[PDB]
């Protein structure tokens, strides 16, 4: 599977669903559909967390990378599982929405890059060794 495509299709779905434009996301698919529905379910179960995160990020172009790294380290500090990976995608979405809300749309390209590099380097071994995206689809698809 393709981590860049998974990130691109997720961020495009989340932003387009809420009326936000991301030019670079303008457009195997059972993975995208499964992640979409898992993420939407996560968002519904933890709306209060979705709301507190959006209201406190306080992004600027120079602090965006540090805010992303700080949250993602805390998310995986106790270990990785599929639910924390889904939460990682939803947090990336929140970062992208808040970037546009604060007139920093170019930051969406950076956030998508950071998310991809994170799957490619930090989370890669865990995802592969726990069955890859195919296991994720079999468990939650």
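Residue numbers count along the first chain shown, from 1.
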- Gap size between residue 28 and residue 27, counted in deposited residues that the entry leaves unmodelled: 10 or more
- Once average C-alpha B-factors are taken from the entry for 77-85 and 45-53, the winner is 45-53
- Where do the C-alpha atoms have the higher mean temperature factor in this entry, in 114-122 or in 18-26? 18-26
- Identify, among 70, 37, 60, 105, the residue whose C-alpha carries the highest B-factor in the deposited PDB entry. 60
- Task: Comparing against every modelled residue in the chain, figure out the third that the C-alpha B-factor of residue 100 lands in (lowest, middle or highest).
- Result: middle
